[PDB]
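First, one chain by itself in structure tokens, the form deposited in one PDB entry.
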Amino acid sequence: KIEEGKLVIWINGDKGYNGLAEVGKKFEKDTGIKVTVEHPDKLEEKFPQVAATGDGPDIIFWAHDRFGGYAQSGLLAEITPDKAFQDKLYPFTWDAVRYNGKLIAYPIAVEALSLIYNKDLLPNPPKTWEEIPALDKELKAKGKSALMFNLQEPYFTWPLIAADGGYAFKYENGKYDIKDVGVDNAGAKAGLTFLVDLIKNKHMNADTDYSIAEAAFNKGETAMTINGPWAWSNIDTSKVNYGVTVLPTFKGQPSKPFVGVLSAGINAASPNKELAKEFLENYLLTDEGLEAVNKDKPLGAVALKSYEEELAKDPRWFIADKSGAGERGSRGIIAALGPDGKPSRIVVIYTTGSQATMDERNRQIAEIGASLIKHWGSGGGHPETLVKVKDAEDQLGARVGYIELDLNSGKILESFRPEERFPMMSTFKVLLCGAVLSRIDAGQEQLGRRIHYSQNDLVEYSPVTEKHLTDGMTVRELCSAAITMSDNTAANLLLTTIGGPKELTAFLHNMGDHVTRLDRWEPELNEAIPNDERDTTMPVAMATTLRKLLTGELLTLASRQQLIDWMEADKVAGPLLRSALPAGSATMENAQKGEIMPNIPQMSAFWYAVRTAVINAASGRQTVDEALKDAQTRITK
């Protein structure tokens, strides 16, 4: 039995438990209830043992993946935060602690691998996996190395393997499909192939494990390592000048590290469930409570939005971006906004001129975006938002176009220069894929259909298409790249499927848009000559057209949802919500791009199977194709 009138907490010894105990002393001062923080050895094993009998701690802190089994045996209580409190934490962290519809833990901290680099050896780290071979050659010639990380465990190699489309178990409608495994797909092959190619070409050694890589980085022998927040303290002691950043992209798409959510569960047998709620919600999950814990030992990243914004201020994450790939997107934004994950408004913004830079445009767009979320519920058209839009035209020194629209009813909520013509830039790309999906609905096109192109077909800013020269790309992939990664060649290839700019224009006119026109291809359509009517639209015309594609019956329910999905990813990567829904620390950035650890018992077989596969493809016993075929079988039939 658990003692009433006190809080007993179990947490791992490597966590900031002395900070946690300080939060408990503050709880004691206010309520008179003492909180005892302990770190039992193998509490991960002690908890399921004692809690079944009715004993143990009131609160247990562990990563979410273990909490699936706990909640199955009925060892955790359903928590009851209200909407106000839930909106304080990142939405994706609430999913990690959801079991059979019920919230079974409070999300606390967020952990994922990051790229850790030596700033003296490498002040500007690679954004890409493909550029590492050449960096290794430049480094080995000066007595160093580019990258060293643990190759023995599939936890460390998976971010690269999953990058191009690999996955453990598909997660749909809030449930894992134990028959849908993606370790055998084309994307998992490409990643492991590239991995084995780094070994073959002597860029990495197949025998490299955790201790070897760590010693190598902490002694300045290697430019980069891949590790988590648990490793920082040792690097701090080594006095290596290090930064922590986003993992490199493989094939133009982010690495996908497994994401662990340190979570606080409440014993089902606890008679202090209400006090546990009071402490967790109103003491621990505050900036002051998490600061106390973080000061003791680094949390990496947290689930509480407000404190993650403080973590993001840490100089270690600071990067120097030089690419002007965001230039088009800062001159043209389209976004379907809506809360609870459901869109109800359409925003169209264009900026112009040859004066303002990319950052200045991105900042102005972010400000308009923050102003929109600030005054939600008011319906739209808040005079504040109009001033922000007017400010953008002011500070950018050129015409700005703007409209805000209710998606369902077509009602104009706010407008500025809505019937003036603006170069579409990249904003035609959603309309292009609307036309594509129109062909799918008519059985004229398949999303899985594969397109060939050579290097000659490549134009500027094509980060995905340029990395699929040998295997080509799928219509579905092309649209994803065109919209979410703003791939220019992807846009052209898609244009060619429908018959060129003239057919997109015809498609738009056939649905009642007699204003919008695409005349040229990428990258020409971006020229934006003053008063040139080629490749232009109006804010109102664009908003209405977009509205008709996401409403009514122009697309099937299947095709409509697909367009919605693509548009959201473009929105969260665009500058619009960069102030309102800001990026966090490097650990959080990697976690948001990654794959939440599945909390199912079937994950055990996955680890063994992938572990063997990576060993056998690296050594030689199996080819990459064969090794993953076998690993897939070991998991599912």
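Don't overthink the numbering: it's just position in the shown sequence, from 1. By rigid core we mean the largest C-alpha set that fits within 1.5 Å across both forms.
Q: Mean C-alpha B-factor higher for 113-121, or for 344-352?
A: Per the PDB entry, the higher value belongs to 344-352.
Q: For the stretches 215-223 and 242-250, which has the higher mean C-alpha B-factor as given in the deposited record?
A: Mean C-alpha B-factor is greater for 215-223.
Q: Looking at the C-alpha B-factor values in the deposited entry, which of 476, 560, 547, 429 comes out highest?
A: In the PDB entry, the greatest C-alpha B-factor among 476, 560, 547, 429 is found at 560.
Q: Reading the B-factor column of the entry, which of 387, 266, 481, 196 has the highest value at its C-alpha atom?
A: Comparing C-alpha B-factors across 387, 266, 481, 196, the top value belongs to 387.
Q: Going by the recorded CA B-factors, say which third of the chain residue 82 sits in, lowest, middle or highest.
A: It falls in the top third of the chain.
Q: What third of the chain does residue 258 rank in for C-alpha temperature factor, lowest, middle or highest?
A: As the PDB entry reports it, the C-alpha B-factor of residue 258 lands in the lowest third of its chain.
Q: Among the modelled residues of this chain, does the Cα B factor of residue 68 put it in the lowest, middle or highest third?
A: It belongs to the highest third of the chain when residues are ordered by C-alpha B-factor.
Q: Name the third of the chain's ranked CA B-factors that contains residue 486, choosing lowest, middle or highest.
A: Ranked within chain, residue 486 CA B lands in the middle tercile.
Q: Using the B-factor values recorded in the entry, state whether the Cα atom of residue 608 falls in the lowest, middle or highest third among the modelled residues of its chain.
A: CA B-factor rank for residue 608: middle third.
Although it is not shown, the form deposited in another entry is what the next lines describe.
Q: After the core is superposed, which of these residues, 524, 384, 95, 532, moves its CA 2 Å or more between the shown form and the other one?
A: Between the two forms, the residue that moves is 95.
Q: Compare the position of the CA of residue 355 between the shown form and the other one after a rigid core fit and state whether the shift reaches 2 Å.
A: Stays below the 2 Å threshold, so no.
Q: At a 2 Å cut-off on C-alpha positions, does residue 285 qualify as shifted between the shown form and the other one after fitting the rigid core?
A: No, residue 285 moves less than 2 Å.
Q: Tell me whether residue 76 is among the residues that move between the shown form and the other one (Cα shift of 2 angstroms or more, core superposed).
A: Yes; residue 76 is a residue whose C-alpha shifts (by 2 Å or more) between the shown form and the other one when the cores are overlaid.
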